[PDB]
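Here's a solo chain for you in structure tokens, the form deposited in one PDB entry.
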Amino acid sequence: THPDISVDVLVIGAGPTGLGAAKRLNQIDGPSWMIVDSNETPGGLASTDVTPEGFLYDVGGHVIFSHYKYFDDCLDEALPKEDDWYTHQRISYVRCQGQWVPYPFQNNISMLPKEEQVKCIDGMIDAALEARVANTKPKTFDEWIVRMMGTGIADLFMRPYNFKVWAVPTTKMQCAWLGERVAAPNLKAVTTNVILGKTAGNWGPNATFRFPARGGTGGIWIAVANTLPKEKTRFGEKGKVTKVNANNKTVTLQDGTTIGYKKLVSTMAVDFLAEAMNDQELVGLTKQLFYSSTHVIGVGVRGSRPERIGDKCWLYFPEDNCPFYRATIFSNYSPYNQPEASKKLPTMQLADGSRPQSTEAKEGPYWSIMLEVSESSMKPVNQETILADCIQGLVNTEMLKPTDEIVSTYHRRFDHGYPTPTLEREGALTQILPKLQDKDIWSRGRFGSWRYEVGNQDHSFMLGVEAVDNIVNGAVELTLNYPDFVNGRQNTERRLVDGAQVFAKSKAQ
């Protein structure tokens, strides 16, 4: 008894990873393939939401910066017109003691009060002298910090902030992931800037970036999926996978439709995957992994963009006068993230939480803020108060004046938000992934392969591409196994049009 549908390569999930697989499969045009997703709209965590008032809110204000030329080719193909994109310079600060400290914090001590300046440069002189002599290697995130930064910067910013975002103490996670995330402060450069009162905030791959004019990031993946053959897609309740039988290589959908495959590329959360396989063993293994939930909070406000805010992009909040670890001036990314000035909206409340003087609709214009709050078994949150708490914090930090008029509110909780790089991670992955591989299953993605080091949109897209390239042309999966390798180079070899296609075209003629 055959299955209803049979293909060479089946792709579960239409996030950036699944779509990466589809794109290369479609470019190659060899093996038969199909892609499914439980949602009518492709995009996954990189999709966009909208309030009844007309305010767009991503899942933490995503920003596009690419390590791969192939990733660029697909974006250019889906959104080829100049006015589809905005190019921005990164403006980021850290809130510490009534001060905006330029990112990255550890490179701009010259912007702290004199007292803290002293405590930071002292712990940093200590660390520099020991690091001159050490020959072992840091084993925890906390160790890495102390050795690279000093106990001063650690107690002032690093320790408190990272718990506020990762939802676990720095002592409980590894330090092999931060190659391109955490800057390592140079003693000379930092004290030279303290003496001269200068800043240095060009560090990182974030320095410059771009953002889609309309639809947010979610609009990118809708455009990208539109380049695929409709008949090879299956999005919605009709494409929801509820069972995976690795032994006879068949998938069962929600409606009972069965699909047979030779190779499986699964981009759903690995822990859900194991559950869908009824594989008691893999379940016991996945439960050894750790993740944190993400609360996204959106606030629409009336008025021209205050100068107290200016051209700021995103901001970190280590202190405990607010529940969120970051805030984004979303309205700065594109004028289409919020209604036009001519649209009339009523005031729901003032920043201080009281009612408005007038229950009528008035003109704008408007600007928008979005916040993020982390949660775990080590850091619970109260959903029915988190929204109000976030607004209070906006006042306590002077983001909003108590009299500022709030026009729109937004709150959503994403269960799987961050793949936590705990100490136990690699212990579980080096078992889980190979075991799945032996069943011809390539589990890839942010929660497919569970590796933050390489868990951005471009990374995920390429995890899908390379998985397919591995199944078809026997390419090595560099992104999955060698983060530091891909992240440290310009990946310019693989293109949306390779020689294989050019030589096929010149043949057909």
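Rigid core (definition): largest C-alpha set, two forms, superposition within 1.5 Å. From 1 onward, residues are counted along the sequence shown.
Not pictured, yet referred to below: the form deposited in another entry.
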With the core superposed, find the residue in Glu426, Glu143, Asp389, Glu180 that moves its CA 2 Å or more between this form and the one not shown.
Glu180
Shown form as baseline, in that other deposited form, CA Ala183-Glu143 shift of 3 Å or more puts them closer
Assert for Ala184-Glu453 (C-alpha, 3 Å or more) in that other deposited form vs reference form: pair farther
